[PDB]
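Written below as structure tokens is the structure these notes are about.
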Amino acid sequence: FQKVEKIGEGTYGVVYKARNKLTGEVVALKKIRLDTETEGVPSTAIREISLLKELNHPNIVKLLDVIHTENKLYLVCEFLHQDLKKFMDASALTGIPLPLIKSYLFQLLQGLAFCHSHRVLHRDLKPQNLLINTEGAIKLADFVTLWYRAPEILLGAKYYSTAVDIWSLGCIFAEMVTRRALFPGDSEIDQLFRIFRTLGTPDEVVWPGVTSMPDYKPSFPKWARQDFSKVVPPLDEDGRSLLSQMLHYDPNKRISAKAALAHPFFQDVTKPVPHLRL
Ligand SMILES: *CCC(=O)Nc1ccc(-c2ncccn2)cc1
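In the entry's author numbering, the protein residues as written are 4 to 146, 164 to 298.
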């Protein structure tokens with residue numbers, strides 16, 4: 004295995020496309036600088052990470068191997084050619100076809116239903132972690165980030181649930197439809213305010229228990245909720261109906277991935293292929 008292209012860089016480290024010179028096998032290799040002063044990887048970290056290696060689903064990017072030294076953690080994952088962020092950039096003018104948004108959302112909910120039923124939460128879902136191929140598949144990888169963060173997390177809940185992934189996916193769904201991020205916060209308060217201005221300022225009625233959240237403030241400005249026809253033009257009523265349930269404030273009223281799969285939005289789901297130029 005040999006580095007053939009750099010496909011990502013950030014504060015975490017770097018991701019390469021790597022090719023086996025003999026077999027042609029291609030993998031994604033994510034190289035992570037530990038900064039633990041030669042102590043290696045926290046046992047918690049590797050155990051959490053190693054648990055991910057158990058996820059075996061066609062809509063989850065397979066964690067193939069973990070390799071770590073005193074200095075570095077290397078994750079080796081299955082490789083796919085493009086991410087959803089890149090694709091939505093490339094589809095800025097005409098948008099992603101609705102049948103393809105439909106297919107991708109159905110596929111991602113199958114993957115989350117699997118993870119969630121095996122007690123695993125992604126917690127950092129975003130368009131950049133969603134990978135696509137020229138076969139019409141989309142898969143969850145990497146198990164601002166702000167823009168997709170559930171309100172219970174922004175308000176400081178100590179324990180969060182699988183419902184935080186549904187929220188993120190709902191923001192991604194909206195973004196595929198409108199070709200702009202739904203809640204593009206310029207600060208952590210702006211993030212909240214952007215949510216409140218769309219869904220309404222939460223209170224104990226709409227969200228029982230919101231008042232116990234560490235960051236909850238009675239002094240929040242009071243906005244009224246907007247109709248979803250304004251939030252996601254021009255998605256049909258089936259789509260908006262599903263989107264609304266994925267974006268409920270109360271993580272207990274938020275739709276589950278298994279329930280979302282039965283929604284009538286998916287009645288006419290098929291498998292289009294996108295046109296990519298690699
Ligand atoms: C599974 C570990 C991991 O981080 N994997 C991963 C795979 C793929 C990418 C990627 N691939 C193509 C384009 C953009 N990003 C990042 C990380």
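In this text, a Cβ means the ideal position worked out from N, Cα and C, and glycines have one as well.
Cβ of residue i within 8 Å of Cβ of residue j?
i	j	result
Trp243	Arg217	yes
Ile192	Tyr168	yes
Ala194	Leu76	no
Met196	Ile104	yes
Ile99	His71	no
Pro271	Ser106	no
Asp235	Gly176	yes
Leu112	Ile141	no
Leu267	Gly205	no
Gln211	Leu166	yes
Thinking residue i and residue j are a contact (beta carbons under 8 Å), I'd like their distance in whole angstroms, please.
i	j	result
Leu55	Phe146	5 Å
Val64	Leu134	6 Å
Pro102	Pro292	5 Å
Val69	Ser53	6 Å
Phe240	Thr221	5 Å
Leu143	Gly114	5 Å
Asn74	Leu37	6 Å
Could you please give me the residues that DSSP links to residue i through a beta bridge?
i	result
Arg214	Its beta-bridge partners do not exist; DSSP assigns none.
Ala170	For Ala170, which the question treats as bridged, DSSP gives no partner whatsoever.
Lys6	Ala21
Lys34	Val17, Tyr77
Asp86	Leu134
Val29	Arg22
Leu143	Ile63, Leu133
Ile70	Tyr77
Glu51	Answer is none; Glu51 lacks a bridge partner.
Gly11	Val18
In whole angstroms, give me the CA-to-CA distance for residue i and residue j.
i	j	result
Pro130	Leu25	33 Å
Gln265	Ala277	11 Å
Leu219	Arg245	4 Å
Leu128	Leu67	20 Å
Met91	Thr97	10 Å
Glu8	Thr198	32 Å
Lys88	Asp258	25 Å
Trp227	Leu108	26 Å
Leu281	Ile215	25 Å
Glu81	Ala279	29 Å
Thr231	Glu51	31 Å
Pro171	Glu208	11 Å
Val30	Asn59	17 Å
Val251	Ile10	33 Å
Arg126	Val17	20 Å
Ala95	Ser46	43 Å
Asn132	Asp86	7 Å
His295	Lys20	21 Å
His119	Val184	11 Å
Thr41	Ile35	13 Å
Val225	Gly27	58 Å
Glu12	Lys6	14 Å
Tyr179	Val164	22 Å
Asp256	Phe285	9 Å
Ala93	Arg297	10 Å
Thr137	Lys273	36 Å
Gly229	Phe213	19 Å
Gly139	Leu174	34 Å
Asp288	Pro253	20 Å
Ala201	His121	30 Å
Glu57	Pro238	43 Å
Less than 7 Å separating the Cβ of residue i from some heavy atom of ligand 3?
i	result
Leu212	With respect to small molecules bound, the structure shown includes ligand 1 and not ligand 3.
- prompt: Quick one: complete alpha helix (DSSP H) runs, 4+ long, within the segment 237-288?
  reply: 248-251, 257-266, 277-280
query: Where in the segment 93-127 do unbroken runs of the alpha helix (DSSP H), each at least 4 residues long, occur, reported from the N-terminal end onward?
result: 101-120
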